[PDB]
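# Examining the three-dimensional arrangement
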Number of protein chains: 2
Amino acid sequence: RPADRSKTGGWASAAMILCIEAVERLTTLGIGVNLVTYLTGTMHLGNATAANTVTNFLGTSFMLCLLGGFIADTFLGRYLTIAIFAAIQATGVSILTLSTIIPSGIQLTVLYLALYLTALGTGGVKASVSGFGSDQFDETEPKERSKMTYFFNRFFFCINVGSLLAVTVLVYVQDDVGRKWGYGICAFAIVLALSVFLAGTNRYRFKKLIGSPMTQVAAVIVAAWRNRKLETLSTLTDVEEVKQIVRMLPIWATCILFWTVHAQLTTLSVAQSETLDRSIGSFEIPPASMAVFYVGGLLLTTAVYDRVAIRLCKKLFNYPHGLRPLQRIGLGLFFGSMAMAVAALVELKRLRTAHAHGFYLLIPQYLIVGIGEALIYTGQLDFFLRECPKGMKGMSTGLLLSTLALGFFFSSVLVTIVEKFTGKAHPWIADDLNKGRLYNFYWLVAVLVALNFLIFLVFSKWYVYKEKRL
Amino acid sequence: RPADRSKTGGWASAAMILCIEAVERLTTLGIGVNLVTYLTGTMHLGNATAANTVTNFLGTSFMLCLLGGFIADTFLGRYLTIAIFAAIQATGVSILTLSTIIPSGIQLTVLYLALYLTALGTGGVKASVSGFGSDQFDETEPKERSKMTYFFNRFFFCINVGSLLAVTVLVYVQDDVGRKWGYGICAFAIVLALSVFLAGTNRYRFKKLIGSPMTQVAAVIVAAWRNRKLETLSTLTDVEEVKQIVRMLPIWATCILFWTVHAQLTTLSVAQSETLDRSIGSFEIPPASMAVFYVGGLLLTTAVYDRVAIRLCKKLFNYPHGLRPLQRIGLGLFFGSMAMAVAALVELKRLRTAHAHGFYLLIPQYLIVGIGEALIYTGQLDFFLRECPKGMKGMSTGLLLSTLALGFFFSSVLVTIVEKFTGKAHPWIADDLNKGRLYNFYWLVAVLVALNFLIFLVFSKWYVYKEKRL
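Rules of the game
- Residues numbered from 1 in each chain as written, not as in the entry; some residues may be left out.
- Chains lettered and ligands numbered in written order.
- Heavy atoms only, no water.
- Helix = DSSP H or I, 4+ residues; strand = E, 2+ residues; numbered from the N terminus.
- Buried < 20%, exposed > 50% of the residue type's maximum accessible area, 1.4 Å probe, protein only.
- Areas by Shrake-Rupley, 256 points an atom, 1.4 Å probe, with all protein chains shown as cover.
- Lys, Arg positive; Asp, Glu negative; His and termini not counted.
- Charge placed at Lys NZ, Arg CZ, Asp CG, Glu CD.
- Contact = heavy atoms within 4.5 Å.
- Buried area = accessible area lost by both parts, 1.4 Å probe.
- Salt bridge = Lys/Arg side-chain N within 4 Å of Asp/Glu carboxyl O.
- Polar contact = N/O pair within 3.5 Å; in protein donor to acceptor, adjacent residues only side chain to side chain.
- Nonpolar A, V, L, I, M, F, W, Y, C, P; charged D, E, K, R; others polar.
- Core = buried A, V, L, I, M, F, W, Y, C linked by side-chain atoms within 4.5 Å.
- UniProt positions renumbered as here; feature names shortened; annotations may be inferred.
- Least-squares fit on C-alpha atoms.
- Patch = residues over 30% accessible without salt bridge, like charges linked within 9 Å, V, L, I, M, F, W, Y side chains within 5 Å.
- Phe/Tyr/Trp six-rings, centres within 6.5 Å; stacked < 30°, edge-to-face > 60°.
- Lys NZ or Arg CZ within 6 Å of the ring centre and 35° of its normal.
- Expected span 1.5 Å × (residues − 1).
- Axes fitted to C-alpha atoms, helices over the stretch in contact; angles between N-to-C directions.
- Left-handed = near helix turned anticlockwise from the far one by under 90°.
- Disulfide = S-S within 2.5 Å.
- Parallel < 35°, antiparallel > 145°, perpendicular 65-115°, else oblique.

By the method listed in its record, X-ray crystallography, this PDB entry was determined to a resolution of 3.71 Å.

Here we come to the overall build of chain A. The helix and strand tally for chain A stands at 19 helices and zero strands. Counting only C-alpha atoms and orienting by the principal axes, one finds that chain A spans roughly 75 × 55 × 55 Å. For chain A, buried positions account for 51% of its 470 residues. In the structure as shown, chain A presents an accessible area of about 23800 Å², 66% of it carried by carbon and sulfur atoms. Averaging the coordinates of the 42 positive side-chain charges in chain A and doing the same for the 27 negative ones gives two points 4 Å apart.

The partner chain A presents 25 residues to the 25 residues of chain B that form the contact. Summing the contributions of chain B and of chain A, the shared interface buries around 2000 Å²; its carbon and sulfur component is 76%. The three residues of chain B that bury the most area against chain A are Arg1, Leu76 and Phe188 of chain B, which together make up 23% of that side's buried surface. Inspection of the chain B/chain A interface yields zero salt bridges. In this structure, the connection of chain B to chain A is made through four residue pairs in polar contact. By residue number, the principal contributor to the side of chain B that touches chain A is helix α4 (residues 79–101) of chain B, which donates eleven residues. For the side of chain B that touches chain A, the residue count by class is 18 nonpolar, six polar and one charged.

Another aspect to go through is the nonpolar core. Considering soluble globular proteins, one finds that nonpolar side chains tend to be buried as a cluster. Counting residues in hydrophobic clusters, the biggest one holds 225 residues, and the most contacted among them are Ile20 and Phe197 of chain A together with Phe197 and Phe441 of chain B. The contact partners of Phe441 of chain B, leaving out residues within four places of it in the chain, are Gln264, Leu268, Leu414, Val415, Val418, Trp428 and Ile429 of chain B. Of all hydrophobic cores here, the second largest spans 26 residues; its members include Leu29, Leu299, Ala339 and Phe359 of chain A.

Residue and element names in this part refer to chain A. When the UniProt feature table is mapped onto this chain, "binding site: substrate" is found at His262 and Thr266. On the secondary structure map, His262 appears in helix α12 (residues 258–266). Residues contacting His262, with those up to four places away along its chain left out, are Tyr294, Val369, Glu373 and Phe408. If you trace the backbone, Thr266 turns up in helix α12. Judged by its relative accessible area of 7%, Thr266 falls in the buried class. Look past the residues within four positions of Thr266 in its chain and what remains in contact with it is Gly32, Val33, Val36, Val54 and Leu58.

Superposition of chain B onto chain A requires a rotation of 180 degrees combined with a translation of 0.1 Å along the rotation axis, giving an RMSD of 0.5 Å. Those values place the two copies in the arrangement expected of a two-fold rotation axis. Relative to the rotation axis, the closest C-alpha in chain B is found at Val191 of chain B, a distance of 3.7 Å. A symmetric contact is evident, with 92% of the interface residues of chain B recurring at the interface of chain A.

On the surface, a cluster of positive charge is contributed by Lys243, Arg247, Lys461, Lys466 and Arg469 of chain B. In this structure, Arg469 of chain B sits in the segment after α17 (439–463).

Moving on: the pattern of salt bridges. All names here are of chain B. Tallied over the entire structure, the rule returns twelve salt bridges over all chains. Across the pair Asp175 and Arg179 runs a salt bridge whose closest N-O atoms are separated by 4.0 Å. Take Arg179: its relative accessible area is 8%, and that puts it in the buried class.

This paragraph deals with the environment of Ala83 of chain B. You can see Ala83 of chain B is positioned in helix α4. In the structure, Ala83 of chain B is positioned 15 residues away from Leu98 of chain B in sequence and 23 Å away in space, judged by C-alpha atoms. Residues contacting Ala83 of chain B, with those up to four places away along its chain left out, are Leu198 of chain A together with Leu194, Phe197 and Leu198 of chain B.

This part covers unusual backbone geometry. Omega for the bond connecting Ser212 of chain A with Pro213 of chain A falls within 30 degrees of zero, at -5 degrees, which places this linkage in the cis form. Structurally, the position occupied by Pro213 of chain A is in the loop between α8 (179–199) and α9 (214–226). In this structure, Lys424 of chain B follows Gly423 of chain B across a cis peptide bond, with omega equal to 0 degrees. With respect to the element layout, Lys424 of chain B can be found in the loop between α16 (397–419) and α17. Phi is positive for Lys143 of chain B, close to 60 degrees, though the residue is something other than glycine. Position of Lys143 of chain B relative to the elements: it lies in the loop between α5 (105–133) and α6 (144–175). Of note in this structure, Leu323 of chain B is not a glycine but carries a positive phi near 40 degrees. Following the sequence through the fold, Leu323 of chain B ends up in the loop between α13 (310–315) and α14 (327–356). On the accessibility criterion, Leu323 of chain B (35% relative accessible area) is partly exposed.

Attention shifts here to the packing of aromatic side chains. Residue and element names in this part refer to chain A. In total, this model carries 46 aromatic pairs over all chains according to the counting rule given. Relative to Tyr463, the ring of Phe383 has its centre 6.2 Å away and its plane inclined at 50 degrees; by these criteria the two rings are tilted. With a gap of 80 residues between them, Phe383 in helix α17 (residues 359–384) and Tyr463 in the segment after α19 (440–461) connect regions that are remote in the sequence. Taking relative accessible area as the criterion, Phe383 reaches 2% and is therefore assigned buried. Clustering of aromatic rings is evident, with ring pairs tying together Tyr79, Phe132, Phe197, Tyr204 and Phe206. One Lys or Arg, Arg328, reaches over the ring of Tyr305 and ends 3.4 Å from the middle of that ring.

Moving on, we come to α17 of chain B. With 25 residues, α17 of chain B extends 36 Å between its outermost C-alpha atoms, agreeing within 8% with the 36 Å of an ideal straight helix rising 1.5 Å per residue. Restricting attention to buried positions, one finds in α17 of chain B the residues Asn440, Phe441, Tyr442, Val445, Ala446, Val449, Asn452, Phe456 and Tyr463 of chain B.

Topologically, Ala12 of chain A is positioned in helix α1 (residues 12–32). Each residue touching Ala12 of chain A, except ones within four places of it in the same chain, is listed here: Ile17, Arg203 and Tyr204 of chain A.

Its location among the elements puts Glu21 of chain A in helix α1. Apart from the residues within four sequence positions on either side, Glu21 of chain A is in contact with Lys126, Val129, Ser130 and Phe155 of chain A.

All names here are of chain A. Put simply, α12 and helix α18 (residues 398–421) touch, their axes get as near as 7 Å, and they point 65 degrees apart. The two elements α12 and α18 meet at a crossing, and its hand is right-handed. On the side of α12, the interface is formed by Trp259, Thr260, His262, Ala263 and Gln264, while α18 contributes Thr403, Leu404, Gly407, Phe408, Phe410 and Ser411. Per-class residue counts for the contact of α12 with α18 are five nonpolar, six polar and no charged.

A cluster of nonpolar side chains, contributed by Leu98, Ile101 and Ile102 of chain A together with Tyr172, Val177, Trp181, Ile185 and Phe283 of chain B, occupies part of the molecular surface with about 740 Å² of accessible area. On the basis of relative accessible area, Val177 of chain B is assigned to the partly exposed category, the value being 38%.

Right, let's talk about the state of the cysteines for a bit. Tallied over the full model, the rule gives zero disulfides over all chains. There is no disulfide at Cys186 of chain A, and the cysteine sulfur nearest it, in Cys19 of chain A, is 15 Å away. The structure places no disulfide on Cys255 of chain B, whose sulfur is separated from the nearest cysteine sulfur, that of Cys388 of chain B, by 15 Å. According to the relative accessible area criterion, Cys255 of chain B is buried, its value standing at 1%.

Turning to the packing of helix α7 (residues 161–177) of chain A against helix α14 (residues 291–307) of chain A, a few remarks are in order. Residues and elements named next belong to chain A. Interhelical geometry of α7 versus α14 gives an angle of 165 degrees and a closest axis separation of 9 Å. One element, α7, and the other, α14, form an angle in the roughly antiparallel class. Where α7 crosses over α14, the two elements pack in a sense that is left-handed. Counted together, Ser163, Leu164, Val167 and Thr168 of α7 and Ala291, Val292, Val295 and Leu299 of α14 form the full contact between these two elements.

Here it is, written out as structure tokens:
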């Protein structure tokens, strides 16, 4: 409990903590990627009822992540938010596993809890583990930087294996073996990982910290309304700083429609998987398992771009990376409607065949999302790091999490928006995907994403003119 | 973090904390009381070899309890021990459940691990949860003592029902319904109880706690080997205070042999239970459910004594209670050998019936213990509260935990001797109780505990003259 010591505060901070972030990552795909598959046939819900029920949970997980970090900085440490919210998810996810053995009226009540209770733990844990595990940073770094910067890339490209496995074997363990084991190992994993984290409380050193903007932004919002009747250095610096965060808004709000096209891939693009040519020789591929094409698309787009950057930067002269501030976001938003347009065409080519009376077909759409996604996220991330004052740098990861969350809610609004305006004679998102006319749902989304990208393209122009004067 | 506040640190400290104590106990009985039952049939082991292992596990739960209490007091918080060691048994008691469902050589290493791992988590949590949950103490107790001493008496006779039920219904679910639910639910209880304990990390004030005697006892033991060549107030009082604790030893050691009769009751009498008249009409009674008669024995005796205390104290003039300082311990030891002899004479009355070719026969041996236990325990307890200074007061419970730990450990040693000193043509404890001549094993305990009683009486005659001479 006193102060720093080279022979105490160590690599356990690295090793024994991030295991929770790694388990939380195994969990969010392994569950979040599937779930609709479980709600469709195991719990028995309509195709337009499970996807809406899934987006809400995934979105909520990010909506929480915003508060998770804010709790961890502004109140009762970062070591507690890991301790409490790892435990909360173990309680949550262990109930989810008991929701696959005990026995809808008072079982959906039981499932909905464990689902949105896993998202509470998941949310608060993810927002603090990574930030706490990195507590391996000295003054000028006496040879720490070497092991630290390396360990994290020896962990980051390590959980990239465990992300592919989550979509591959964990799905297969749910779809073929049983949801008892599938969610069971996600639950045992977390108790085992939380127990070891708590045991290392010794080899870790906890540091004292405050969390803005939010606190500083709220104080300015108070000054606005309390001085409504009237219509020193803080006004000459701290208020002009807050106005700069309002400049991201159009770029921020336009990015929300990319996270809707990523949400269909998790839900609606799995109802198309299950209903088309499954078998490959003797054994088979699970429906959810098509996300390997999306996961691969990310991992390939990062690897290929990491080499194909200096080549782009040398041909067309730029400062650090291959023009990844604002052009990166746009490329991902162009690919965003492209996947939705490709999916619409892919639906017409085989549902029109079903009226006359499979695995290959969905691979492209899943990859077009994976390619555009690896750009937009690193475009979004490397935006307010380079385009926000250093007082609020890294304190605008919420500007990433608030893009996501709202993208899931924008999908769930859209799904319900076509549930009433097309129902019930011949709806798009039909209970029997073949009976209805689903492709028209992509004609609404692809179209929204295309026209959204057009306004984004006009926002960037009005930004390199209105924010290049500050 | 900062300082106490009446508007926060209250009943939440009493409720959310102590829920792990109820869970900790519930578990220890349901798991511990059975286990032999599992090992015998489920895991396929000899009756002399299963008992031996389980006494060491139990004995450990209490041996770890000695260490745990000290760990918490001498290093990094009590809260932290409750948090860490609740998570150790959460993991430890779930691998026991995965030991029931996944599948001897490898399956035993996994079991022993998971058992001895639970004993680790159980010892540390048991020793602290009570000590922390009771942090509702101010200077003159402004109406705290009223609600606090009411909550601790309300919570006491709540876990007495649970201890009843742990033997009654949790055993049914282990035997009849399959362990999986029995050992599984024991785990769900803790994961939940650990998250909820961490939910109230708000309404908790962590006091500036100090740990002893041990820290002082060790310094005196350290001073002996370095003052070998020599053959201000620390010698004039701390060493004088340390030598007074060695006076407990004769009696302290004598009690160990009661806890051996309580252990045989847990082990061998559960193998006798399963080989005798089960059928009680339509439904059947579980073998390990005989322990209800010992629980009743503890319960009924505590209820009966508290009412008939002033009556015995009036007829024979005494100060606070009806003569329970040392004389109480003699009563429990007399009852101690009374149960083994009754259990010996019971075997002759029906294992002789087996060779010539049942449920009520095992009811007295459990009652005689339970009665004798309620006297020897409070006797042992109210021993060093009055016969030790207020500096080491309550730091004499370690003498109680080392009576149990060594008492259950003594069974394994006892059996080990009698297994390797009688076999293998006609041994005492055998896989087939009808075959083996076990009746005399009970006479051996009955004799070693009868001797012990005579050894105790001699020691008590001196303890009222060699310690009263002060």
